[PDB]
Amino acid sequence: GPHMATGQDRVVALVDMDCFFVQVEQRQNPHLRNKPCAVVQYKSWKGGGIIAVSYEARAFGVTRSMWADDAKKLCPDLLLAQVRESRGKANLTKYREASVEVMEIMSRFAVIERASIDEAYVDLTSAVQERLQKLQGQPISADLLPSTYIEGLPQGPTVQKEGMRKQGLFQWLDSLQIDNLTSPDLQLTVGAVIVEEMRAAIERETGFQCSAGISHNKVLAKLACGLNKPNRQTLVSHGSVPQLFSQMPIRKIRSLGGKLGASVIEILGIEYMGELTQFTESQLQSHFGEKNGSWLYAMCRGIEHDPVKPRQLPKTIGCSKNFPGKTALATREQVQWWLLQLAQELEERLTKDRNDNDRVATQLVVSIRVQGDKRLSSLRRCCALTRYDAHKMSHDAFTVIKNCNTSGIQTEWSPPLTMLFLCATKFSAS
DNA sequence: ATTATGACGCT
DNA sequence: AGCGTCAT
Ligand SMILES: Nc1nc2c(ncn2[C@H]2C[C@H](O)[C@@H](COP(=O)(O)OP(=O)(O)OP(=O)(O)O)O2)c(=O)[nH]1
Ligand SMILES: [Mg+2]
Ligand SMILES: [Mg+2]
């Protein structure tokens, strides 16, 4: 009863940029705006692999991981932008730099956790206390929430989507207790007002549109963000969780879309997140381990305690390239030339990072995949990263992998290499 | 021949 | 440390 934690202590937002790489290319090339378009890596094999898709193109069934030649069968007028190639490999610098633009804007409002190139969590708890102090119990106008959906509303006793959005928002605002500065629903609402402001700032200052979720923790904020894309934001209240989860496939919750989620389904004989509530915490721990079990017990009740980490910069800087089927590297000269290409991109990015961010990486991780191995990584070895020198890094990477060569000949490489990966890690301030 | 990352957990 | 999972 009165002691049962409800996980309503924080206001957390998740901001995800809509079809990010597409928007970066559409900003640069206005001929791509408001068109079905996609971003592709490479071109020779099946037209290149699609990694981002505009919402107009998604209406035709174009998806990520589709070959552009097949996408063109679904959408013959699909427009394509190609990722830049440098030193023989895909170079994502333009999108990393665009991401920095967005993350700096969001950092003006609150401390953010960079979760990916195009999404960040925001801890708005303190900003919400501030805005509530400034409001002085003044009600929140629907005008301040022009792109907000309230999940689960409207409910109870129009045939157009904006009309439904506004009915739901009206029902929500009508039920608000605006004189209770500690009401979680009011705090979420103020958080949504702030996120409207943040998203407006991102669009004004970059041209990019985004979606967002506002809830009491990261998992619900992420889930919420996905409910009304593109260019909209969604508030998921604590009270909305029983109905939301009652039909929510377990795999939709972040961390459960893989083997653990499949095992929850098969072991417990359930389909939906809400069905987890019928198990004790000890039962879930017995199947899925102490940490997963406690997390699932709380998560299916809408409660999650994982903090928004104050981290705007990536923890690692890496370069990787696959060498599929017959492009596999089978000679020493090959392996060395490509280690050097990867190392030269890494050196460029590391030098920029040291100048921008006052830090130096101290460990170089070298990962490879050999032909025939099913695992995405066949071997990981670390060595010291003591100088930002591409020839030195590529020589060191060769030194740490050179005994994987089964060939008795010194010039041949067997089994041939289908993937090279260099990653700089363990940053120290400088 | 799904590609290029990147975070985090396990032991 | 090296490997696995999950994300996309
Ligand atoms: N290189 C590479 N980049 C990827 C891959 N998957 C996604 N990305 C990039 C391109 C996307 O624009 C960007 C952000 O991914 P998201 O999952 O947020 O999707 P996106 O923003 O494209 O669309 P969304 O509106 O969020 O559904 O990450 C991939 O497999 N390889
Ligand atoms: Mg994202
Ligand atoms: Mg996506």
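Residue numbers begin at 1 in each chain, while the letters A, B, ... track the order of the sequences. Numbering of ligands and ligand atoms starts at 1, following listing order. In what follows, every heavy atom counts, from backbone to side chain, and hydrogens, waters and symmetry copies are set aside.
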(request) For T399(A) and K402(A), work out which heavy atoms get closest and say how close. (result) O-CG, 3.5 Å
(request) May I ask you to check whether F20(A) has an N/O atom sitting below 3.5 Å from an N/O atom of ligand 1? (result) yes
(request) Decide whether an N or O pair under 3.5 Å exists between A52(A) and ligand 1. (result) no
Give the numbers and elements of all ligand 1 atoms closer than 4.0 Å to a heavy atom of [X].
X: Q41(A); result: 1 (N)
X: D18(A); result: 21 (O), 25 (O)
X: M17(A); result: 21 (O), 26 (O)
X: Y55(A); result: 24 (P), 25 (O), 27 (O)

Identify the closest protein heavy atom to [atom]: which residue and atom is it, and at what distance?
atom: atom 9 (C) of ligand 1; value: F21(A) CZ, 3.6 Å
atom: atom 26 (O) of ligand 1; value: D16(A) OD1, 2.6 Å
atom: atom 5 (C) of ligand 1; value: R64(A) NE, 3.9 Å

(message) Is the distance from the ring center of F20(A) to that of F208(A) below 6.0 Å?
(response) yes
(request) Would you please indicate yes or no on a ring centroid separation below 6.0 angstrom for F323(A) and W337(A)? (result) no
(request) Would you check if the side chain of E275(A) reaches a backbone N or O of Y272(A) as a donor-acceptor pair within less than 3.5 Å? (result) yes
(message) Checking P324(A) now: which residues fulfil side chain to side chain contact (heavy atoms under 4.5 Å, CB included) with it, not counting sequence neighbours?
(response) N322(A), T327(A)
(message) Closer than 4.0 Å and a protein heavy atom, does any atom meet both conditions relative to atom 19 (O) of ligand 1?
(response) no
(message) For the metal site, I want the angle between atom OE1 of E119(A) and atom OD1 of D118(A) with the Mg ion (ligand 2) at the apex, to 10°.
(response) 120°
(message) Under 4.0 Å, counting heavy atoms only: does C19(A) come that close to any atom of ligand 1?
(response) yes
(request) Please name the atom of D16(A), restricted to N, O or S, that is closest to the Mg ion (ligand 2). (result) OD2
(message) Within this structure, what is the CZ-OG distance for the pair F170(A) and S175(A), rounded to the nearest 0.5 Å?
(response) 13.0 Å
(message) Taking atom CD as the centre, does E162(A) end up with more than 12 heavy-atom neighbours from other residues, nucleotides or ligands that are less than 6.0 angstrom away?
(response) yes
(request) Report the C-alpha distance between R369(A) and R375(A) in whole Å, list the side-chain angles of each, state the deciding distance to 0.1 Å, and finish with yes or no for side-chain contact (heavy atoms from CB on, under 4.5 Å). (result) CA-CA 8 Å; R369(A) 190 182 172 182; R375(A) 293 164 309 152; 6.0 Å; no
(request) Pick, from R58(A), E119(A), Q209(A), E25(A), the option with the minimum heavy-atom distance to atom 24 (P) of ligand 1. (result) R58(A)
(request) Look at atom 29 (C) of ligand 1 and find which of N231(A), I117(A), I51(A), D118(A) reaches it with the closest heavy atom. (result) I51(A)
(message) I need the single residue from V400(A), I368(A), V366(A) that forms a side-chain contact (heavy atoms from CB on, under 4.5 Å) with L379(A). Which is it?
(response) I368(A)
(request) Look at the aromatic rings of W67(A) and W45(A) and report parallel, tilted or perpendicular, splitting at 30° and 60°. (result) perpendicular
